[PDB]
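# Observations on the three-dimensional arrangement
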Amino acid sequence: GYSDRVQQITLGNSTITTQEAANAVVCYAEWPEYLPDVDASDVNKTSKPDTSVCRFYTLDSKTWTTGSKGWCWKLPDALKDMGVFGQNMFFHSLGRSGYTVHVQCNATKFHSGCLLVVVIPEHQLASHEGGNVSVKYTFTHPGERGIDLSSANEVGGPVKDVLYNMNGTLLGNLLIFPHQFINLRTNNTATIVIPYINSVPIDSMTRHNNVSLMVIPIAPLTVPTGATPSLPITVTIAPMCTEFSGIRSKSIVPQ
Amino acid sequence: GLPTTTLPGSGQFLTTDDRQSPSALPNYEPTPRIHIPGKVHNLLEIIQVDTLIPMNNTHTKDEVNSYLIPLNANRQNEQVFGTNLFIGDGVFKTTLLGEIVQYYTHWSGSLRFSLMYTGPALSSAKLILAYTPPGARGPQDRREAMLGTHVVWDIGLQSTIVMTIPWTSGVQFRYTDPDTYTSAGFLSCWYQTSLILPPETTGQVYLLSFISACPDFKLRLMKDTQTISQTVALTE
Amino acid sequence: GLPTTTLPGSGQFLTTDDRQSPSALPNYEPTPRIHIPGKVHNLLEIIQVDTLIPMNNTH
Amino acid sequence: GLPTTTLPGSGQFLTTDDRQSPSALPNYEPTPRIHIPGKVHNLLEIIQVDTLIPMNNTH
Amino acid sequence: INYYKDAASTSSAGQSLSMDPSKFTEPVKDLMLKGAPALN
Amino acid sequence: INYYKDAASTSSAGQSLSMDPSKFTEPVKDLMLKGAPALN
Amino acid sequence: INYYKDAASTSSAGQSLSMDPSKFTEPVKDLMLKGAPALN
Amino acid sequence: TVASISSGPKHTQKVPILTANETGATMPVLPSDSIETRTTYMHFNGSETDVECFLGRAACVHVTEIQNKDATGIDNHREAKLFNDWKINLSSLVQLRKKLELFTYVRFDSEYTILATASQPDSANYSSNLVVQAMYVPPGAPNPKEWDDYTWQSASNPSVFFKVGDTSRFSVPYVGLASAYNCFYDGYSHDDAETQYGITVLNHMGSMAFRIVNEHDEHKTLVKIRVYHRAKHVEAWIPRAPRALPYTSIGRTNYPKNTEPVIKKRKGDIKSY
Amino acid sequence: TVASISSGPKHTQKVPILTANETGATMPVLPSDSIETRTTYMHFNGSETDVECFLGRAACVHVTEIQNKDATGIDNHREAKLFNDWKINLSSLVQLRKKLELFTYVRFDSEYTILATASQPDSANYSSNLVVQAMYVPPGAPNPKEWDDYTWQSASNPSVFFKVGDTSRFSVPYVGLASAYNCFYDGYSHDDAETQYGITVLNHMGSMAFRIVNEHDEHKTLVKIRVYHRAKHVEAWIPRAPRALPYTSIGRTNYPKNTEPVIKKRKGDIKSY
Amino acid sequence: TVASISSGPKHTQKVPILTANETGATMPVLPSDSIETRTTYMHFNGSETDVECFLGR
Ligand SMILES: Cc1cc(CCCCCOc2ccc(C3=NCCO3)cc2)on1
Ligand SMILES: Cc1cc(CCCCCOc2ccc(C3=NCCO3)cc2)on1
């Protein structure tokens, strides 16, 4: 009586149940694991807070309306302030982590709409100015708020044009990245497990984000007659196999 | 001193030849490799992942909406969409498949075309997808369409339908850039019965459509893509 | 570095010589051969089929 | 005469390449080596000896 | 025959002949069998 | 010795030394023996 | 393959792979053990 | 091998020299069936009549020309021969053509040799040294527009750079779409009422493009390119009647009107020697 | 290998063509799951789509130019192109760039070919023969200031001397600091509020510098350098969506404003063929 | 080859970090004598610092 459909994920002191899942994706078919010695470089023993950092943090909720263009969060940024995960983050020189991402959106059998939930490794954004204008730090570190693709261009911020993925590629091809759809008629959640993907064994958690999670409405939300025209979307994310190394004074970052 | 003779071609530089060269950095030790998920070995590995087709090309500036094929409730007998199968041009051209095919001169193989339905769960519909092999015109009505490769799709719990365009061909390779002799057919879709919405519901519903290549597929003779060009060198 | 000497004829192009060359299309896979009746191997095979002589050349 | 083809790079001088050359002094016999304390083999051997840092740079 | 000492100086590598699209085409956590229902 | 990797790059082929004119000179359905009457 | 007769004409030598810093880092007459007191 | 066996007088009921040509056969009659012969050996193998040998020597297949000159103010490089191209084909020059069309389908690898020589028809202080860059542009590739377009980057398209006066040589595998190249094709690309008829539809293999890499000197320099083609690994099927009339077009069988009698008229009778 | 197996009529409870794309998988459906097929073999290996092959041909990555002229009274050699340099990078010319950015991280050895040709745009008696000396200047090395500085001694820095008109070729191991080169980098060099964003910070590999060794003749000679790069021993991870809009800068993803629709609009309906 | 071995807390009478530089030696102290380390390998030989290489271009 197991269905692909019902699932339970327990991680730390927190549990999620979905009764309307559509399997789960594990990026590149690899599950998060700690850093092996053969791959290690820094000689420091690392710190593995385990259950105090590897639990589920639910970010603040978004509201899908007929005019929504899509939202974008960066990792580990989105979690920069969650509990002890965040403290560890500002206090060590280097850290490394994988995540379980669970995006939630329920409706009824009269609604229609379909969101794309995708994880993009190394999502370098484009400046809407063109040329070689850079995208300032603050703009690519929105924190739990994430970036709202239907917000206005700002100065020093990225471009927010959806048919171009914020980088000069077409929305249609985002499907080459680990992703899952939430089609109100099928699905009510999306779950993706992200292994740590980098060109170095461990890195800085503040100067470099290693994935952007993106939720994009593709088939517009259509509510039943005289229904309220909107649904909330909630994102809950859990660091998994986290390791921190090179402890010290506590980083100070712009803004 | 051993006697030699040099042949025609001596001193030429062929950008495609593969020979040994002296290393400028004798004895240098590269950084160790660490493990990174995701290694690609063949472009054939990636063109099997499906991506969305902007089938609804009828707009005037690129929009999220050209990915949406609309469906109308209560129409009978009528046609949902049509396209030829020049995978290197037209709707296909910006898709990952289209985009890679363009790095090669010839392609052969089967294509997989699927449609995912997004209408309310309490609605229902039966569509027919038809592949018309080279030699006939794009079908003009379902009767015409239904006499070639087709699948009656019944919209249900299972949200997507995967149609295969089996390789139908005299010549074993076709050109990726559209060519007549080498042309592959048409793909059309019609109401088999009709879309029906539940009460309290209204308007258009949309289908999303994807394209990817079957394991069947072959691409050969690499060349340059018409999809990118430039007028002055870029700088930092 | 192995010492060499080049002989007279170096650099010439003789349309009748038969040597190796780099392939411009590295790794390309040609279309499979299928069977076709009629293969010719030697011109000596075909000059044994008789053909008509315009003997009455007087026109 | 063996047929050859020369590749791009022929005739270049790369200061870092390592090949054989004719000796200008054929048959010459170098002076014998005697023992000298102190032979260095790697620069890695010497950067492990500590030396003083002008830390007080303020002059 | 390599004429040179360093590995960078050797010619092109030889075909992976690796090829495994499943990391890209089927990264699902619970295995899907073709023919069995997608969602149970 | 081939110095190159691809087959197209090798020199000319070597003599068929196949030679069988009968597909061209005697494509008749019932075998004709020299010396026996042509039409029986 | 050396093409030439004299040794000077051969290419560069090959890595000492000798490496022993102690003549430079620890030329002390009585051996010092790390962890034991420097001056007893 | 015997070329002739010994054979003596015959008085038989077994006549090898009477046949019925209506059957379509060429009966294998020999000197020894009708005169008295002596033994003789062949001393010969038929080596140089092998089709690999027949089609295997380089033939000139194309002569084009490009010039190095100041492109300043040229509105159409292609038109100034600032670079030029060639719609690859093997039927344009007709010596090699008659040889290939002795067969219906042909399959082979090609070895190309490209000779480039320079000319300076009007007053120059010197002869400059130019590098040519012939590059292969297959069907559906950004055709180049100026002599120094992004196209010439040729990041995915094989290109060779050689010096004028020298020769370039490389070999391309059999690039046909089918199992053989059609020397003839009695078809169309589709059943339209006005579409071209022939092979040109079939044998459209994309074009080759040449240019000089050098910028301009004070004088002008004419560079004339000659492409030679040698078939290697030849396979030929279905022999046909040799070409009798002159050729008029690449890819059609058409001959010129009011052509001249191709059979030499006797100077004398049928009876004449 | 079979490309298709033989398969006949089906009337089952087992439907391989109905799936749920919401899952993120592309189910491996074949022609034989939905029509009746016959056996056919592949006859093909997928050799020429190997990433080593795809990135393994030389692409033009840079064109620069230097001149040989009397430096007497030149206050800024660099500025007179008495020598010039190049801030090494592989993203400046954009044909090869789109190919590499199909991947996120890439690791390979490089083989460089450098072609140098000379031009004499204004009245010269002759063409001189110049030797170029391109030398690699890594980060933290005395950058050269005149065309004949002590720098050019290059006692510890690899340099190659070749003749104009010829080509130089050598190969450099993978010099990246990490395990792979980042084709993309969503980071900064540190957490400052105004520091540049991208890879340019990451991929700063030092520059390459060229000069003519020859002193000056009576005329001036323009030498134009073209650097070609071929990846050998390629390793690529994490495929990404291909580049759709035009490029504007080395190292940023930025596209131009008021760009044009990249998807071709139908001439007709959705229903059109 | 290990570049660093794994080493944990220490509370000893054996102090490798106190020395007398007046002796002329450079005592071979390592990260693992004064912090807690994890194993890591060298992945490197020191090839390009050989004097033959240093003076050989
Ligand atoms: C019949 C028949 C046979 C042929 C010849 C076909 C040859 C294939 C394409 O030819 C070329 C030519 C040039 C190059 C080339 N690459 C780099 C420089 O030139 C590649 C393929 O043409 N018609
Ligand atoms: C990504 C990415 C990859 C690359 C290429 C890096 C190549 C390493 C440095 O390149 C050179 C270039 C030239 C020379 C040189 N030595 C003597 C002459 O030229 C040495 C290294 O650049 N960006």
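Definitions and cut-offs
- Residues numbered from 1 in each chain as written, not as in the entry; some residues may be left out.
- Chains lettered and ligands numbered in written order.
- Part of a larger assembly, values for the part shown.
- Heavy atoms only, no water.
- Contact = heavy atoms within 4.5 Å.
- Buried area = accessible area lost by both parts, 1.4 Å probe.
- Salt bridge = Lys/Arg side-chain N within 4 Å of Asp/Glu carboxyl O.
- Polar contact = N/O pair within 3.5 Å; in protein donor to acceptor, adjacent residues only side chain to side chain.
- Helix = DSSP H or I, 4+ residues; strand = E, 2+ residues; numbered from the N terminus.
- Nonpolar A, V, L, I, M, F, W, Y, C, P; charged D, E, K, R; others polar.
- Near = heavy atom within 4 Å.
- Areas by Shrake-Rupley, 256 points an atom, 1.4 Å probe, with all protein chains shown as cover.
- Pairing = 2+ DSSP bridges.
- Buried < 20%, exposed > 50% of the residue type's maximum accessible area, 1.4 Å probe, protein only.
- Disulfide = S-S within 2.5 Å.

For this entry, the PDB record names X-ray crystallography as the structure determination method and reports a resolution of 3.0 Å.

If you look chain C up in the PDB entry, it shows as HUMAN RHINOVIRUS 14 COAT PROTEIN (SUBUNIT VP3) from Human rhinovirus 14.

If you look chain B up in the PDB entry, it shows as HUMAN RHINOVIRUS 14 COAT PROTEIN (SUBUNIT VP3) from Human rhinovirus 14.

## Here's the deal with the interface of chain I and chain B
In many reports, interface size means the accessible area that the parts give up when they come together. Contact with chain I, which involves 80 residues of that partner, is made by 99 residues of chain B. Surface buried jointly by chain I and chain B totals about 7,900 Å² across both partners, of which 59% is contributed by carbon and sulfur atoms. Put simply, chain I and chain B have 6 salt bridges between them. Between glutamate 235 of chain I and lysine 39 of chain B there is a salt bridge whose closest N-O contact spans 2.8 Å. Between chain I and chain B we count 45 residue pairs in polar contact in total. Of all the secondary-structure elements, those providing two or more residues to the side of chain I that touches chain B are strand 2 (18–19), helix 1 (51–55), helix 2 (94–100), strand 6 (103–119), strand 9 (167–172) and strand 12 (221–239) of chain I. For the side of chain I that touches chain B, the element with the highest residue contribution is strand 12 of chain I, accounting for 8 residues. Classifying every residue of the side of chain I that touches chain B gives 41 nonpolar, 18 polar and 21 charged.

## Here we look at the site of ligand 1
Taken together, 14 residues lie near ligand 1, and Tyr112, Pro158, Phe170, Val175 and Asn203 of chain H sit nearest. Nearby residues around ligand 1 are contributed by chains C and H. Protein chains bury 97% of the 570 Å² of accessible surface belonging to ligand 1 in isolation. Looking at the shell around ligand 1 residue by residue, the classes come out as 13 nonpolar, 1 polar and no charged.

## Some thoughts on the sheet that holds strand 8 (residues 112–121) of chain A
Residues and elements named next belong to chain A. Here 5 strands make up an open sheet; going across it, the order is 9-6-12-8-10 and the pairing antiparallel. Where the open sheet ends on each side, the last strands, each with one partner, are strand 9 (147–148) and strand 10 (179–183). The sheet contact formed by strand 8 and strand 12 (residues 211–222) spans 9 bridges and is antiparallel. The partner of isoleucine 120 across the bridge, within strand 12, is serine 212.

## Topic: unusual backbone geometry
With an omega of 5°, the peptide bond running from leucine 75 of chain A to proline 76 of chain A counts as cis. Positionally, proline 76 of chain A belongs in the loop between strand 6 (71–75) and helix 1 (83–91). Even without a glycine there, the phi angle at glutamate 200 of chain B is positive, about 70°. For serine 154 of chain H, which is not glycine, the phi torsion reads 45° and is therefore positive. You can see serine 154 of chain H is positioned in the loop between strand 6 (131–137) and strand 7 (159–163). Accessibility expressed as a relative area gives 1% for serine 154 of chain H, which makes it buried.

## Comments concerning the state of the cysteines
Taken as a whole and judged by the stated rule, the model has 0 disulfides over all chains. Of the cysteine sulfurs around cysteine 60 of chain I, a residue in no disulfide, the closest is that of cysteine 183 of chain I, at 18 Å.

## Points about the site of ligand 2
Residues and elements named next belong to chain I. By nearness alone, 14 residues border ligand 2, and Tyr112, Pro158, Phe170, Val175 and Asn203 come closest of all. Take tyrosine 112: an N or O atom from its side chain is 3.4 Å from an oxygen atom of ligand 2. Protein contacts shield 97% of the accessible area of ligand 2, which totals 570 Å² for the unbound molecule. In the shell around ligand 2, the residues fall into 13 nonpolar, 1 polar and no charged.

## Re the arrangement of the chains
A comparison of contact numbers over the 28 pairs of chains in contact places chains B and I at the top. Spatially, chain E is disjoint from chain J: no contact exists, and the shortest C-alpha separation is 12 Å.

## Details of the pattern of salt bridges
Summed over the entire model, instances satisfying the criterion amount to 46 salt bridges over all chains. Two residues, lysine 98 of chain I and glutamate 99 of chain B, come together in a salt bridge whose shortest N-O distance is 2.4 Å. In this pair, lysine 98 of chain I is assigned in helix 2 and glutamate 99 of chain B in helix 2 (residues 96–101), connecting two distinct chains. Both residues of the pair, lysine 98 of chain I and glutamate 99 of chain B, belong to the buried class.

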